[PDB]
Amino acid sequence: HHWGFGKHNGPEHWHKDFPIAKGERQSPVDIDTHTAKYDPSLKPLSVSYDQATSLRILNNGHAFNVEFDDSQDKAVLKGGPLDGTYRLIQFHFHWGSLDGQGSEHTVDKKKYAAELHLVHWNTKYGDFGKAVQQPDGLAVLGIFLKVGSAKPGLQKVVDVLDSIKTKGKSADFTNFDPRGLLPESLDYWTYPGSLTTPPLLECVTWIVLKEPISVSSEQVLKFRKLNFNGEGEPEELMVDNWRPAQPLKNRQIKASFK
Ligand SMILES: [Zn+2]
């Protein structure tokens with residue numbers, strides 16, 4: 001009976017195994033755009049993905065992760081609110097059963113169809129497992145997806161999903177360029193928060209881009225054909241793998257733009 005996204009083990013149940021679910025800096029949150037403060041001391045983001053080395057794509061039973069070689073400074077995030085260098089380890093998405101829901105963050109209570117998380121860890125802590133135990137251990141770049149035109153840079157991901165339909169399946173996934181998932185603008189909101197799946201550790205500096213990317217209805221429909229279950233177990237479509245917004249508590253969201 002472990003955590004997931006069904007009726008009996010969904011986000012409202014996670015606090016029984018992970019009491020930090022009711023903590024002081026949980027994610028995601030609603031971004032109230034009129035209450036976020038411009039922070040003119042906020043530097044531009046530096047997204048350095050030209051030497052990124054993707055390795056593999058994995059269905060882990062809650063989402064799929066595209067994993068990267070993070071044993072060297074090959075794909076790094078710097079700047080913005082960050083001190084130091086954060087290395088890309090994986091990206092994944094959250095999405096809905098319908099186009100009207102799927103994002104974890106919301107913007108003035110608006111839900112997007114999906115949300116991309118590019119997860120990075122602070123190299124001063126040496127590895128990901130040490131970084132998640134530190135208040136500044138991770139930096140996650142969040143990008144909203146809306147349905148409209150296709151995103152050409154996503155299609156290589158879409159096309160391998162058939163090979164990782166069920167939990168525990170992986171496939172080689174080299175030479176994928178994550179720069180093809182970024183919008184034109186790097187304007188962002190930032191706040192301190194948490195992982196949005198268990199163990200829900202409060203180790204994340206969130207950087208949420210204001211501009212969404214647009215994917216086609218056919219692209220998101222292929223996400224919804226994945227399965228939460230393992231092969232030869234009853235089929236349960238992988239949809240609605242998003243945590244809803246959590247209370248902001250004693251936090252201020254800052255904006256890089258006015
Ligand atoms: Zn995520």
# chains A, B, ... in the order shown; residues from 1 in each chain; ligands from 1
$ residues_near_ligand --ligand "ligand 1" --cutoff "7 Å" --atoms "only C-alpha atoms and all ligand atoms" --output "PyMOL selection string"
chain A and resi 92-94+116-117+196
$ residues_around --residues "residue A:198" --least-positions-apart "4" --cutoff "12 Å" --atoms "only C-alpha atoms" --output "PDB file with C-alpha atoms, in the first residue's frame"
ATOM      1  CA  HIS A   2       2.559   2.674  -0.868  1.00  0.00           C
ATOM      2  CA  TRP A   3       1.987   6.196  -2.089  1.00  0.00           C
ATOM      3  CA  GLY A   4       0.699   7.061  -5.530  1.00  0.00           C
ATOM      4  CA  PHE A   5      -2.046   8.970  -7.269  1.00  0.00           C
ATOM      5  CA  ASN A   9      -3.038   6.455  -1.803  1.00  0.00           C
ATOM      6  CA  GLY A  10      -3.063   9.947  -3.404  1.00  0.00           C
ATOM      7  CA  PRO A  11      -1.626  13.261  -2.215  1.00  0.00           C
ATOM      8  CA  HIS A  13      -2.727  10.433   2.163  1.00  0.00           C
ATOM      9  CA  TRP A  14       1.004  11.077   1.827  1.00  0.00           C
ATOM     10  CA  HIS A  15       1.300  12.802   5.188  1.00  0.00           C
ATOM     11  CA  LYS A  16       0.797   9.495   7.035  1.00  0.00           C
ATOM     12  CA  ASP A  17       4.076   8.105   5.719  1.00  0.00           C
ATOM     13  CA  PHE A  18       5.761  11.465   5.061  1.00  0.00           C
ATOM     14  CA  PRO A  19       4.737  13.905   7.771  1.00  0.00           C
ATOM     15  CA  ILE A  20       6.799  16.673   6.137  1.00  0.00           C
ATOM     16  CA  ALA A  21       3.889  16.830   3.653  1.00  0.00           C
ATOM     17  CA  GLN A  26       5.993  22.413   0.615  1.00  0.00           C
ATOM     18  CA  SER A  27       5.520  22.532  -3.145  1.00  0.00           C
ATOM     19  CA  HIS A  62       4.698   7.683 -11.221  1.00  0.00           C
ATOM     20  CA  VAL A 132      18.402  16.438  -1.067  1.00  0.00           C
ATOM     21  CA  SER A 194      10.137  20.981  -1.741  1.00  0.00           C
ATOM     22  CA  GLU A 202      12.406  20.689   1.617  1.00  0.00           C
ATOM     23  CA  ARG A 243       0.299  17.151  -6.516  1.00  0.00           C
TER      24      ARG A 243
END
$ closest_residue --among "A:71, A:246, A:216, A:185" --to "residue A:28" --atoms "only C-alpha atoms"
A:246
$ residues_around --residues "residue A:152" --least-positions-apart "2" --cutoff "10 Å" --atoms "only C-alpha atoms" --output "VMD selection string"
chain A and resid 149 to 150 154 to 156 180 to 181 214 to 216 219
$ write_last_selection --atoms "N, CA, C and O atoms" --output "mmCIF file, in the first residue's frame"
data_model
loop_
_atom_site.group_PDB
_atom_site.id
_atom_site.type_symbol
_atom_site.label_atom_id
_atom_site.label_comp_id
_atom_site.auth_asym_id
_atom_site.auth_seq_id
_atom_site.Cartn_x
_atom_site.Cartn_y
_atom_site.Cartn_z
ATOM 1 N N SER A 149 0.042 24.270 -30.768
ATOM 2 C CA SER A 149 1.015 23.745 -31.723
ATOM 3 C C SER A 149 1.872 22.643 -31.099
ATOM 4 O O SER A 149 2.034 22.586 -29.881
ATOM 5 N N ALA A 150 2.418 21.770 -31.942
ATOM 6 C CA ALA A 150 3.400 20.800 -31.498
ATOM 7 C C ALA A 150 4.699 21.489 -31.112
ATOM 8 O O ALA A 150 5.119 22.524 -31.615
ATOM 9 N N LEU A 154 10.068 18.055 -28.443
ATOM 10 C CA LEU A 154 9.515 17.011 -27.540
ATOM 11 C C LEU A 154 9.311 15.725 -28.258
ATOM 12 O O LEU A 154 9.074 14.677 -27.649
ATOM 13 N N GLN A 155 9.320 15.743 -29.604
ATOM 14 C CA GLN A 155 8.778 14.579 -30.310
ATOM 15 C C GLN A 155 9.653 13.343 -30.117
ATOM 16 O O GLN A 155 9.090 12.245 -30.036
ATOM 17 N N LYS A 156 10.971 13.512 -29.982
ATOM 18 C CA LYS A 156 11.801 12.321 -29.732
ATOM 19 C C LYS A 156 11.421 11.646 -28.409
ATOM 20 O O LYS A 156 11.465 10.423 -28.270
ATOM 21 N N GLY A 180 15.703 22.048 -26.613
ATOM 22 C CA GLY A 180 14.505 22.088 -27.416
ATOM 23 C C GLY A 180 13.210 22.086 -26.635
ATOM 24 O O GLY A 180 12.144 22.089 -27.276
ATOM 25 N N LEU A 181 13.240 22.053 -25.321
ATOM 26 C CA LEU A 181 12.054 22.118 -24.460
ATOM 27 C C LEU A 181 11.853 23.497 -23.833
ATOM 28 O O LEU A 181 10.874 23.652 -23.074
ATOM 29 N N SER A 214 4.153 25.242 -25.914
ATOM 30 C CA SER A 214 2.952 24.669 -26.501
ATOM 31 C C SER A 214 3.229 23.318 -27.145
ATOM 32 O O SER A 214 4.106 23.196 -28.000
ATOM 33 N N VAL A 215 2.474 22.308 -26.728
ATOM 34 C CA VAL A 215 2.586 20.977 -27.276
ATOM 35 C C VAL A 215 1.289 20.603 -27.984
ATOM 36 O O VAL A 215 0.248 21.233 -27.704
ATOM 37 N N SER A 216 1.295 19.613 -28.859
ATOM 38 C CA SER A 216 0.031 19.341 -29.580
ATOM 39 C C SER A 216 -0.804 18.368 -28.778
ATOM 40 O O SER A 216 -0.371 17.646 -27.867
ATOM 41 N N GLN A 219 0.656 14.968 -28.954
ATOM 42 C CA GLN A 219 1.772 14.748 -28.025
ATOM 43 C C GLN A 219 1.287 14.424 -26.630
ATOM 44 O O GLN A 219 1.739 13.431 -26.018
#
$ residues_around --residues "stretch 33-48 of chain A" --least-positions-apart "5" --cutoff "8 Å" --atoms "only C-alpha atoms" --output "VMD selection string"
chain A and resid 74 to 81 107 to 108 186 189 252 to 258
$ residues_around --residues "stretch 50-58 of chain A" --least-positions-apart "3" --cutoff "6 Å" --atoms "only C-alpha atoms" --output "number ranges by chain"
A: 64-69, 74-75, 169-176
$ write_last_selection --atoms "C-alpha atoms" --output "short mmCIF file (atom, residue, chain, number, x, y, z; two decimals), in the first residue's frame"
data_model
loop_
_atom_site.label_atom_id
_atom_site.label_comp_id
_atom_site.auth_asym_id
_atom_site.auth_seq_id
_atom_site.Cartn_x
_atom_site.Cartn_y
_atom_site.Cartn_z
CA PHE A 64 9.03 8.94 -16.78
CA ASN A 65 12.48 10.38 -16.14
CA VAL A 66 14.96 11.33 -18.87
CA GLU A 67 18.29 10.86 -17.08
CA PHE A 68 21.60 12.61 -17.73
CA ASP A 69 25.26 12.04 -16.98
CA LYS A 74 27.97 19.11 -18.60
CA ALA A 75 24.47 20.64 -18.28
CA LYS A 169 10.87 -0.34 -18.18
CA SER A 170 13.78 1.72 -19.46
CA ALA A 171 15.28 2.46 -22.84
CA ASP A 172 18.49 3.97 -24.13
CA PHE A 173 17.96 7.66 -24.76
CA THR A 174 21.19 9.29 -25.87
CA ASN A 175 21.88 12.53 -27.69
CA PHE A 176 18.68 14.25 -26.57
#
$ select_by_dssp --residues "stretch 62-258 of chain A" --states "alpha helix (DSSP H)" --output "PDB file with N, CA, C and O atoms, in the first residue's frame"
ATOM      1  N   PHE A 128      23.595  13.667  -5.637  1.00  0.00           N
ATOM      2  CA  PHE A 128      22.179  13.992  -5.473  1.00  0.00           C
ATOM      3  C   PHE A 128      21.630  13.590  -4.123  1.00  0.00           C
ATOM      4  O   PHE A 128      20.847  14.283  -3.474  1.00  0.00           O
ATOM      5  N   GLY A 129      22.040  12.387  -3.644  1.00  0.00           N
ATOM      6  CA  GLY A 129      21.523  11.906  -2.390  1.00  0.00           C
ATOM      7  C   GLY A 129      21.918  12.729  -1.182  1.00  0.00           C
ATOM      8  O   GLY A 129      21.162  12.832  -0.205  1.00  0.00           O
ATOM      9  N   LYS A 130      23.094  13.365  -1.222  1.00  0.00           N
ATOM     10  CA  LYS A 130      23.479  14.292  -0.161  1.00  0.00           C
ATOM     11  C   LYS A 130      22.761  15.625  -0.346  1.00  0.00           C
ATOM     12  O   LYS A 130      22.348  16.279   0.591  1.00  0.00           O
ATOM     13  N   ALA A 131      22.603  16.040  -1.625  1.00  0.00           N
ATOM     14  CA  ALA A 131      21.993  17.352  -1.889  1.00  0.00           C
ATOM     15  C   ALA A 131      20.576  17.400  -1.377  1.00  0.00           C
ATOM     16  O   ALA A 131      20.173  18.459  -0.890  1.00  0.00           O
ATOM     17  N   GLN A 155       9.320  15.743 -29.604  1.00  0.00           N
ATOM     18  CA  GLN A 155       8.778  14.579 -30.310  1.00  0.00           C
ATOM     19  C   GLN A 155       9.653  13.343 -30.117  1.00  0.00           C
ATOM     20  O   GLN A 155       9.090  12.245 -30.036  1.00  0.00           O
ATOM     21  N   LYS A 156      10.971  13.512 -29.982  1.00  0.00           N
ATOM     22  CA  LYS A 156      11.801  12.321 -29.732  1.00  0.00           C
ATOM     23  C   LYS A 156      11.421  11.646 -28.409  1.00  0.00           C
ATOM     24  O   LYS A 156      11.465  10.423 -28.270  1.00  0.00           O
ATOM     25  N   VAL A 157      11.015  12.423 -27.427  1.00  0.00           N
ATOM     26  CA  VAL A 157      10.510  11.838 -26.167  1.00  0.00           C
ATOM     27  C   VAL A 157       9.216  11.094 -26.390  1.00  0.00           C
ATOM     28  O   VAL A 157       9.023   9.940 -26.022  1.00  0.00           O
ATOM     29  N   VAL A 158       8.242  11.760 -27.026  1.00  0.00           N
ATOM     30  CA  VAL A 158       6.949  11.128 -27.376  1.00  0.00           C
ATOM     31  C   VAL A 158       7.137   9.797 -28.086  1.00  0.00           C
ATOM     32  O   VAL A 158       6.494   8.766 -27.780  1.00  0.00           O
ATOM     33  N   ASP A 159       8.081   9.756 -29.015  1.00  0.00           N
ATOM     34  CA  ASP A 159       8.147   8.548 -29.835  1.00  0.00           C
ATOM     35  C   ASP A 159       8.757   7.373 -29.101  1.00  0.00           C
ATOM     36  O   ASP A 159       8.480   6.219 -29.479  1.00  0.00           O
ATOM     37  N   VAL A 160       9.566   7.573 -28.048  1.00  0.00           N
ATOM     38  CA  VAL A 160      10.072   6.403 -27.325  1.00  0.00           C
ATOM     39  C   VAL A 160       9.128   5.876 -26.270  1.00  0.00           C
ATOM     40  O   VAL A 160       9.387   4.811 -25.645  1.00  0.00           O
ATOM     41  N   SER A 217      -2.090  18.300 -29.144  1.00  0.00           N
ATOM     42  CA  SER A 217      -2.994  17.354 -28.515  1.00  0.00           C
ATOM     43  C   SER A 217      -2.443  15.953 -28.782  1.00  0.00           C
ATOM     44  O   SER A 217      -2.533  15.122 -27.876  1.00  0.00           O
ATOM     45  N   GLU A 218      -1.831  15.674 -29.911  1.00  0.00           N
ATOM     46  CA  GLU A 218      -1.365  14.321 -30.126  1.00  0.00           C
ATOM     47  C   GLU A 218      -0.203  13.960 -29.196  1.00  0.00           C
ATOM     48  O   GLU A 218      -0.062  12.836 -28.720  1.00  0.00           O
ATOM     49  N   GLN A 219       0.656  14.968 -28.954  1.00  0.00           N
ATOM     50  CA  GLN A 219       1.772  14.748 -28.025  1.00  0.00           C
ATOM     51  C   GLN A 219       1.287  14.424 -26.630  1.00  0.00           C
ATOM     52  O   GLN A 219       1.739  13.431 -26.018  1.00  0.00           O
ATOM     53  N   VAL A 220       0.346  15.230 -26.082  1.00  0.00           N
ATOM     54  CA  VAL A 220      -0.095  14.934 -24.705  1.00  0.00           C
ATOM     55  C   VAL A 220      -0.894  13.640 -24.645  1.00  0.00           C
ATOM     56  O   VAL A 220      -0.879  12.886 -23.660  1.00  0.00           O
ATOM     57  N   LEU A 221      -1.607  13.305 -25.717  1.00  0.00           N
ATOM     58  CA  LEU A 221      -2.344  12.035 -25.730  1.00  0.00           C
ATOM     59  C   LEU A 221      -1.414  10.844 -25.623  1.00  0.00           C
ATOM     60  O   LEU A 221      -1.790   9.863 -24.955  1.00  0.00           O
ATOM     61  N   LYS A 222      -0.221  10.909 -26.174  1.00  0.00           N
ATOM     62  CA  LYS A 222       0.748   9.846 -25.982  1.00  0.00           C
ATOM     63  C   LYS A 222       1.262   9.774 -24.578  1.00  0.00           C
ATOM     64  O   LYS A 222       1.504   8.645 -24.123  1.00  0.00           O
ATOM     65  N   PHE A 223       1.407  10.855 -23.841  1.00  0.00           N
ATOM     66  CA  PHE A 223       1.699  10.739 -22.415  1.00  0.00           C
ATOM     67  C   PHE A 223       0.652   9.938 -21.667  1.00  0.00           C
ATOM     68  O   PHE A 223       0.990   9.168 -20.788  1.00  0.00           O
TER      69      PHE A 223
END
$ residues_around --residues "residue A:103" --least-positions-apart "2" --cutoff "8 Å" --atoms "only C-alpha atoms" --output "list in words"
residues 94, 95, 96, 101, 105, 106, 111, 112, 113, 114, 115, 144, 145 and 242 of chain A
$ atom_distance --atom1 "atom CA of residue A:118" --atom2 "atom CA of residue A:24"
23.1 Å
